[PDB]
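Taking it in order: structure first as structure tokens, then the write-up.
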Amino acid sequence: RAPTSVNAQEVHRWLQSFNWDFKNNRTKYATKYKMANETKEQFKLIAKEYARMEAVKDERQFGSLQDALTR
Amino acid sequence: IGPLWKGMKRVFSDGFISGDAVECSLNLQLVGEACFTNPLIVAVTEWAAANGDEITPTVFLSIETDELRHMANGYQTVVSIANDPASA
Amino acid sequence: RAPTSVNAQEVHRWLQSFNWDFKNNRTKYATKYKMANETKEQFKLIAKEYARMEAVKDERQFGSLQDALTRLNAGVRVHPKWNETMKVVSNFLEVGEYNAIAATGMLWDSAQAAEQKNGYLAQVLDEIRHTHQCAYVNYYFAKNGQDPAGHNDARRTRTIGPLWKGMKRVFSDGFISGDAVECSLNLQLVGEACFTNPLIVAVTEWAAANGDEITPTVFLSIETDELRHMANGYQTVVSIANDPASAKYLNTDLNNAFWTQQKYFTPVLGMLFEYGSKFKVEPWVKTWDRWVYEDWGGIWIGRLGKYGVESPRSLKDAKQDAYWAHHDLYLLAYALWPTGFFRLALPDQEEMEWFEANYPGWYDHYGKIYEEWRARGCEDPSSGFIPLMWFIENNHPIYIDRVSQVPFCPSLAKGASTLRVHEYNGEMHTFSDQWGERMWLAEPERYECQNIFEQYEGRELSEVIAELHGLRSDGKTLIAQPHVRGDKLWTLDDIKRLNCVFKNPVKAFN
Amino acid sequence: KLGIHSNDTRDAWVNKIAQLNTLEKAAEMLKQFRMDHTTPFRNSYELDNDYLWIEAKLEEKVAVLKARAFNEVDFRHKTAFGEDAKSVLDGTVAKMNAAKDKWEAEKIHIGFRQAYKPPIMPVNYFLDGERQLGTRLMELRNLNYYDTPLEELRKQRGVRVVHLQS
Amino acid sequence: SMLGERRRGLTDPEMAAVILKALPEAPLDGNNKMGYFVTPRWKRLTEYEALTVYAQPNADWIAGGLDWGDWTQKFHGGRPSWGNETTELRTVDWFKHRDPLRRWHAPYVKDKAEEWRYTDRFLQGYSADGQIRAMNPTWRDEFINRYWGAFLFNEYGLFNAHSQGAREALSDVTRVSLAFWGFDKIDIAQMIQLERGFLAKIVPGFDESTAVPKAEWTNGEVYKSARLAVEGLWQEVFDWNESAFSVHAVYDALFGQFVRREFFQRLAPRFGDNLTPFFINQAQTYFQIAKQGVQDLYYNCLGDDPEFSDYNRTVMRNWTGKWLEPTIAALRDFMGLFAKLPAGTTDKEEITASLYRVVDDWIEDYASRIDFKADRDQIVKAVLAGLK
Amino acid sequence: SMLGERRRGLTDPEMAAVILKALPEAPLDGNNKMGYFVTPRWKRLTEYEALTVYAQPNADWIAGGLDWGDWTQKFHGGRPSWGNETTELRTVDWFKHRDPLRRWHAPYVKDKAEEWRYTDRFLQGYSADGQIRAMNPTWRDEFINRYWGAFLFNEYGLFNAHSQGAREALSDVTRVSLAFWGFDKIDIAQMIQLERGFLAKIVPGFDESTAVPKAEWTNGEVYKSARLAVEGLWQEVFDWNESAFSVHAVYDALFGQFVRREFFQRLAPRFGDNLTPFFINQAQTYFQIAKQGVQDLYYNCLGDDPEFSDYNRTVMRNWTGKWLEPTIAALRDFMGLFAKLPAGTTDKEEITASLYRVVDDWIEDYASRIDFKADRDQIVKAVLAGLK
Ligand SMILES: [Ca+2]
Ligand SMILES: [Ca+2]
Ligand SMILES: [Ca+2]
Ligand SMILES: [Fe+3]
Ligand SMILES: [Fe+3]
Ligand SMILES: [Fe+3]
């Protein structure tokens, strides 16, 4: 019964399998190129961890602005 | 009212969304962001500090922290089409 | 299905009913008072909402410190003298904040009304917050400032010096040792309402004036919590006002609390302000009169007049002794500079003018002495001179008040000079005033604090400093210094060569 | 070897304490120590700079021995000397409530601490006593606290006035 | 004015120039780490440790203190501001404890504030989604309003049991942990009332008054022995460690865990109640957070003390035996609540299995740590006698 | 160096002196309120509006625009960067929309960040408290891993349906709301996976791979019509408003609200599962959040447009009927899932009560708004016919 959890990476691990193939599963915009459907992204983020890392930046920023800088 | 605004819209509005998605990607991430915005944001904070502005550095430096990821998207856009014969 | 929720006041409405009756539902602490079972509180908070409002303040505070202030190099661009003052101001206040935690835990135990208990509880949490905030100032200045020594280890290096002992009297033991009501007076009715609330603000002023924007950021945040604590102290008097014992003991406990706090802060605060700064904000004398007399001693205390509360009977003597007290004390702190955890400086020419201007007769007494010490080479390591030596050569013994722990030199002081020496059951005791003397005579067992001369008797100065880690990271240079310049810092060897051996000044009496 | 935190005096007592191997011996030594070195009524001030620390080391030994000697019930309810803690508490409180003045009162409270401070008496009973005894002591002491002049108070306390300056 | 009258030394040209002129070429010491002398529990000194350890000005005569000499002002009679006499436990250093969650004030209120806002969002989405429709009326008006309601007084009493420790704890790290353990208890009691108040808003006729839950607690049978135990832990215990240890390592670990997890959390869902489980999730997270701290203080630091390990275990075993009886009695009276449920809700086997889960977790997380010889079937059999 | 080499105009004596000397005695305009020309939706202008309204550089030829002229660069062919041609709906002003929660980026990530951290503490408490013990082995290994997991692809599909709107939205306020509706959807999909990953850590044999749950979604019978409906709303709709309206005010309001609430949430507890409900609470809090926005845009703004009220309602009534059928079909195929539930779990009476709750709510929140007279009985019966 040791405290346990799951991080963004452990979830993003299966993100690529989220999309499934079918009929009109294609871009709606004119283009001359074809982007590989197996392309990967460098940062393994999920909506919740993304929010957290940005909220932390916001804290500092708005904190400096509303407090010290205004003083 | 002014003429300088028109050109801004051309590079940072219409140049970002009107045309082949890949061309828009190049205008935005490959050139705009990688070549201009990334360095620009930092330069602005430098000129700002020299002129007494500590507000802009506080905000713009935080914006800067996010650019690394956008650089990747642009870089990944070219990698995504590098195999399609249309690329060359 | 209209989106709805519940707020703090909606839950607090029933908080008073949380407590129930049972035989042993009573305070575990000794007291002469009975707090009313139906006493209520001023603010309707619950744990969750308390946390939220404090968390909001923390974000602005830490955001300012970690971001803009750091980019501005605010930890460095402060006057050397003020960097030293904050080592003392922040660490000493830290202990007051810390003891206030235990103090309010004890008041919470005393209160029988759920609402009054809750008011105290919110303070217990606030005092933990304040301890951690004061700690952060030292932590920040140690990390980013011009001299980390003292900022980085005050919790152990403060034990070397005499100024620390008195601090524990008013802001440590005075807050938790005695009748819960007596403690509430020392902490809230007098401690905060009279000195802390105005002091915290005053500190941010002197700080800003000397280039310090770190302290204003943290202390202004601390200040936002004081209102609630003021109400706790006020509600303390209300809860015990309708009790027969109140009319019999309240004023006595208040007068003692008042003298206790004033005896230490009157000279120490004024000293840190005027002598621990470059740019002056206001003369301590006028700052004091406004705080102690006008604001507190008249307006704030007058309101509680309908509860039997009267103006302290020692108030008049406190005033007569205030004017010169801080000036008298700096002479001693500087003379004993090797026992500190901070760097001190002689008043500069511009400062002496300011002092003479605001305190006529300052030059003829203190000014000349400082000029003499400079000539003797008090700032230079190779001089082999420490101001203490001057007190010896001129037969000016320095005593320690057995009750307040405040050092005093009766033969030299311009303010009070009434030394009282008693012998009781094989021990000698030295007092500086008639109020503390009564305290000891009436309650001998409450005041047995050994002073630095008693503990250090027969010890060579450098040995005490070395044993108590009063050295910088090089293991040779002293933390304390007699000047605030960057070069020619005294080493332990410079002190050892002085071959200064402590002696208990009271042993001369037969 | 003379120091603040470590010195020959403290070393000598550590050795003395290491030789107290039975509860009764150790408990008696602790009580004797408190009579000789604590409170303003101590028999002497010779160990003023080290008694607080020495007393705690002595307490440590008495505690460890008591826990090994007493069964669970006695550890909770009896003093190191085998007295019923509740009886001692009620008895001392009774005397306190019968005290005629603040002078008799301070003797009772101070004496109680010297003789029964943990690990002699279980902490629950001792602090319950602190609560009750301290209340009465304060009530007697704070009544007309300023009426007696210093000249006369010095005489009541029984101090020897060595030097007076005005 | 736009610029104001107060000149600041950081930005004022003249003042800043004076300040910069007096500055040294470089820092007067390269050791820029506050608390560098503190022995780190983990790889490197933490912000938690630096800001907390040694804040308490103890002298060396209180194990681990760095100061010297007596206190400046003591209680009438002579009792010290803080002293060894306030607890039976002994140690080589009262400053060894470390909250495994490293909670100092800032992180503590940050997390609780997040939970407060999450809670507000939850209730708004719960009421807007009309989930109250699927909740069984009897369970809502009887078991949640009266019995879950009465339990608030249990948590409130445990909160108060911490008041003396707040005043007497012998070190900063222990004071802060104890304070947070206690504050989380009052929070839970207030969340129980918060739920009742929320129900009074979205359910016509639901009375949020505490009169009923309070009458149940003060005069009912189901919580009679629980109340007697709580009254004791709170007001008959003067030893700050006996209090904290007995509350968390005996009473709340057995009685509290049973009520919150094996009764309300286990049965609430069966009556269409997804509301109470939300608040119980919080209480359980708080319980598990406190457990880490309690284990570190009593087992890691005291029960395993290199000098007083044997002594401290003897004392804690004593306390466990002392408080296990009143705790069993509390669980025994609580068994009476099962007869109030609608037939078919649960049965003797489920109740027994749930009791064994609580007893087994207790033996593992607490009893075994001090070699207390607990007999699980004997404990369960004593409790089951309360089933009507 | 201690001072650094870079001089700052705010603190450098020389530079600051020059700056101070150039400042005016007072502000050159007393109107220090940014966005003062924006029409407040409430009493006073909010930070949300000031920072968002009119950020989009539309010219006056796009209802509401403040700029003039054509775009500077268009698509090959002449298609404008943004134009009235990307959606059937018309309005007097595309900037009228106002998110009732007034969410701009800052408040949005703050709330979600708190939930992320709350979630982490929850799982750490859940595990340490061993609450998994009361979890029915069948339910978790078959209904969560396969059917709950497969639903993630449903949310993931609705998420992607927002991509075109992210590009075509005709105003800032609508673009921000849209982006948040879709972002919350991907969050839900990722939370389904997270729960499965959590189970894998506390349940020895549990496999977190999406292999199983994916095969089901792709080649299954329960969600067959679901997937087909999703693929349509996403890759067959080229109108950003039809996509947002149909997805939120039709398909997810019916099928989604039933699958999430009336099935997994309504039954998870019955099998000793408080884990899945924890996350569904989020999906539902998120659903209720997006709903307030969807209502303000399509009803309060477009539906009640001073000039296109009738026209728009006609377009939405049309869209409703268009997707109401594919949705009802998605539900039918979902009915066949109950047959896989252990006999006795639920009867056709409940299944009917829940169905009506969803349909009724849908009518009170959406249908009645655009006057799309729908028959509750006919719908329920049409779906109920799926019960295999
Ligand atoms: Ca003599
Ligand atoms: Ca009974
Ligand atoms: Ca059965
Ligand atoms: Fe970018
Ligand atoms: Fe404070
Ligand atoms: Fe305060």
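Here's how to read the names in the structure tokens: chain A, B, ... by the order shown, residue numbers from 1 in each chain, ligand numbers from 1 in the order shown.
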Query raised in the report: Taking only C-alpha atoms and all ligand atoms into account, which residues are within 8 Å of ligand 4, as a PyMOL selection string?
Result: chain B and resi 28-29+33+37+66-67+70-71
Could you build a table of the residues in chain D lying no more than 10 Å from chain C, giving for each the nearest pair of atoms and their separation in Å rounded to one decimal place, using only C-alpha atoms, ordered by chain and ascending residue number, as JSON lines?
```
{"residue": "D:2", "atom": "CA", "partner": "C:459", "partner_atom": "CA", "distance": 8.1}
{"residue": "D:3", "atom": "CA", "partner": "C:467", "partner_atom": "CA", "distance": 7.7}
{"residue": "D:4", "atom": "CA", "partner": "C:455", "partner_atom": "CA", "distance": 7.4}
{"residue": "D:5", "atom": "CA", "partner": "C:467", "partner_atom": "CA", "distance": 8.5}
{"residue": "D:6", "atom": "CA", "partner": "C:467", "partner_atom": "CA", "distance": 9.6}
{"residue": "D:38", "atom": "CA", "partner": "C:445", "partner_atom": "CA", "distance": 9.6}
{"residue": "D:39", "atom": "CA", "partner": "C:445", "partner_atom": "CA", "distance": 6.0}
{"residue": "D:40", "atom": "CA", "partner": "C:445", "partner_atom": "CA", "distance": 5.7}
{"residue": "D:41", "atom": "CA", "partner": "C:425", "partner_atom": "CA", "distance": 6.8}
{"residue": "D:42", "atom": "CA", "partner": "C:425", "partner_atom": "CA", "distance": 7.9}
{"residue": "D:43", "atom": "CA", "partner": "C:425", "partner_atom": "CA", "distance": 8.0}
{"residue": "D:44", "atom": "CA", "partner": "C:426", "partner_atom": "CA", "distance": 6.6}
{"residue": "D:45", "atom": "CA", "partner": "C:426", "partner_atom": "CA", "distance": 6.7}
{"residue": "D:46", "atom": "CA", "partner": "C:426", "partner_atom": "CA", "distance": 9.5}
{"residue": "D:48", "atom": "CA", "partner": "C:450", "partner_atom": "CA", "distance": 7.8}
{"residue": "D:49", "atom": "CA", "partner": "C:455", "partner_atom": "CA", "distance": 6.1}
{"residue": "D:50", "atom": "CA", "partner": "C:455", "partner_atom": "CA", "distance": 9.4}
{"residue": "D:102", "atom": "CA", "partner": "C:442", "partner_atom": "CA", "distance": 9.3}
{"residue": "D:103", "atom": "CA", "partner": "C:442", "partner_atom": "CA", "distance": 9.4}
{"residue": "D:106", "atom": "CA", "partner": "C:443", "partner_atom": "CA", "distance": 8.8}
{"residue": "D:110", "atom": "CA", "partner": "C:445", "partner_atom": "CA", "distance": 8.0}
{"residue": "D:127", "atom": "CA", "partner": "C:28", "partner_atom": "CA", "distance": 8.1}
{"residue": "D:128", "atom": "CA", "partner": "C:28", "partner_atom": "CA", "distance": 6.9}
{"residue": "D:129", "atom": "CA", "partner": "C:30", "partner_atom": "CA", "distance": 9.3}
{"residue": "D:130", "atom": "CA", "partner": "C:30", "partner_atom": "CA", "distance": 7.1}
{"residue": "D:131", "atom": "CA", "partner": "C:30", "partner_atom": "CA", "distance": 4.2}
{"residue": "D:132", "atom": "CA", "partner": "C:30", "partner_atom": "CA", "distance": 6.1}
{"residue": "D:133", "atom": "CA", "partner": "C:30", "partner_atom": "CA", "distance": 7.6}
{"residue": "D:134", "atom": "CA", "partner": "C:30", "partner_atom": "CA", "distance": 5.4}
{"residue": "D:135", "atom": "CA", "partner": "C:30", "partner_atom": "CA", "distance": 4.6}
{"residue": "D:136", "atom": "CA", "partner": "C:32", "partner_atom": "CA", "distance": 7.7}
{"residue": "D:137", "atom": "CA", "partner": "C:32", "partner_atom": "CA", "distance": 9.4}
{"residue": "D:138", "atom": "CA", "partner": "C:32", "partner_atom": "CA", "distance": 6.8}
{"residue": "D:139", "atom": "CA", "partner": "C:32", "partner_atom": "CA", "distance": 5.9}
{"residue": "D:140", "atom": "CA", "partner": "C:32", "partner_atom": "CA", "distance": 9.7}
{"residue": "D:141", "atom": "CA", "partner": "C:442", "partner_atom": "CA", "distance": 7.5}
{"residue": "D:142", "atom": "CA", "partner": "C:249", "partner_atom": "CA", "distance": 6.2}
{"residue": "D:143", "atom": "CA", "partner": "C:248", "partner_atom": "CA", "distance": 6.6}
{"residue": "D:144", "atom": "CA", "partner": "C:248", "partner_atom": "CA", "distance": 8.0}
{"residue": "D:145", "atom": "CA", "partner": "C:252", "partner_atom": "CA", "distance": 7.0}
{"residue": "D:146", "atom": "CA", "partner": "C:252", "partner_atom": "CA", "distance": 8.2}
{"residue": "D:148", "atom": "CA", "partner": "C:438", "partner_atom": "CA", "distance": 9.7}
{"residue": "D:149", "atom": "CA", "partner": "C:438", "partner_atom": "CA", "distance": 9.2}
{"residue": "D:150", "atom": "CA", "partner": "C:438", "partner_atom": "CA", "distance": 6.9}
{"residue": "D:153", "atom": "CA", "partner": "C:441", "partner_atom": "CA", "distance": 7.0}
{"residue": "D:154", "atom": "CA", "partner": "C:441", "partner_atom": "CA", "distance": 6.7}
{"residue": "D:155", "atom": "CA", "partner": "C:441", "partner_atom": "CA", "distance": 9.7}
{"residue": "D:156", "atom": "CA", "partner": "C:441", "partner_atom": "CA", "distance": 8.8}
{"residue": "D:157", "atom": "CA", "partner": "C:441", "partner_atom": "CA", "distance": 6.2}
{"residue": "D:158", "atom": "CA", "partner": "C:424", "partner_atom": "CA", "distance": 7.4}
{"residue": "D:159", "atom": "CA", "partner": "C:424", "partner_atom": "CA", "distance": 5.0}
{"residue": "D:160", "atom": "CA", "partner": "C:423", "partner_atom": "CA", "distance": 5.1}
{"residue": "D:161", "atom": "CA", "partner": "C:422", "partner_atom": "CA", "distance": 4.8}
{"residue": "D:162", "atom": "CA", "partner": "C:422", "partner_atom": "CA", "distance": 5.2}
{"residue": "D:163", "atom": "CA", "partner": "C:421", "partner_atom": "CA", "distance": 4.9}
{"residue": "D:164", "atom": "CA", "partner": "C:420", "partner_atom": "CA", "distance": 4.8}
{"residue": "D:165", "atom": "CA", "partner": "C:418", "partner_atom": "CA", "distance": 5.0}
{"residue": "D:166", "atom": "CA", "partner": "C:418", "partner_atom": "CA", "distance": 4.7}
```
**Report entry** Distance filter 12 Å around ligand 6, atoms: only C-alpha atoms and all ligand atoms, out as a PyMOL selection string
**Finding:** chain C and resi 93-104+119-131+171+175+184+186-200+219+221-233
Query raised in the report: Can you tell me which residues sit at most 8 Å away from ligand 3, counting only C-alpha atoms and all ligand atoms, written as a PyMOL selection string?
Result: chain E and resi 346-350
Write the residues of the selection above to a file with N, CA and C atoms, as a compact mmCIF listing (two decimals), in the first residue's frame.
```
# COMPACT_ATOMS: atom_id res chain seq x y z
N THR E 346 -25.93 -4.85 4.13
CA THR E 346 -24.66 -5.55 4.33
C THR E 346 -24.94 -6.67 5.31
N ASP E 347 -23.97 -7.55 5.55
CA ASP E 347 -24.18 -8.66 6.48
C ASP E 347 -23.00 -8.86 7.44
N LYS E 348 -23.15 -9.76 8.39
CA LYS E 348 -22.09 -10.00 9.37
C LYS E 348 -20.73 -10.33 8.78
N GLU E 349 -20.71 -11.10 7.70
CA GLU E 349 -19.44 -11.47 7.08
C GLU E 349 -18.71 -10.26 6.51
N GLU E 350 -19.44 -9.38 5.83
CA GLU E 350 -18.85 -8.18 5.25
C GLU E 350 -18.32 -7.28 6.36
```
Query raised in the report: So which residues are near ligand 2, meaning at most 12 Å away with only C-alpha atoms and all ligand atoms counted, given back as a list in words?
Result: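 Answer in the requested format: residues 219, 220, 221, 222, 223, 224, 225, 226, 227, 228, 329, 330, 331, 332, 333, 334, 335, 336, 337, 385, 386, 387 and 388 of chain E.
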Query - Exercise: stretch 330-343 of chain C partners within 8 Å, only C-alpha atoms, chain neighbours under 5 positions left out, as a VMD selection string - result: chain C and resid 81 84 to 85 87 to 88 149 to 150 154 157 to 158 160 to 163 271 275 366 386 to 388 398 407 to 409 465 470 478 to 484
Requested in this report: Kindly give the distance, in Å, that separates atom CA of residue C:315 and atom CA of residue C:174, rounded to a single decimal.
Outcome: 18.6 Å
Query raised in the report: In Å, with one decimal, what is the gap from atom CA of residue F:304 to atom CA of residue F:173?
Result: 17.7 Å
Requested in this report: Residues of chain F near chain B: apply a cut-off of 9 Å, count only C-alpha atoms, and supply the list as a PyMOL selection string.
Outcome: chain F and resi 6-12+15-16+19+57+67+71-76+79-82+167
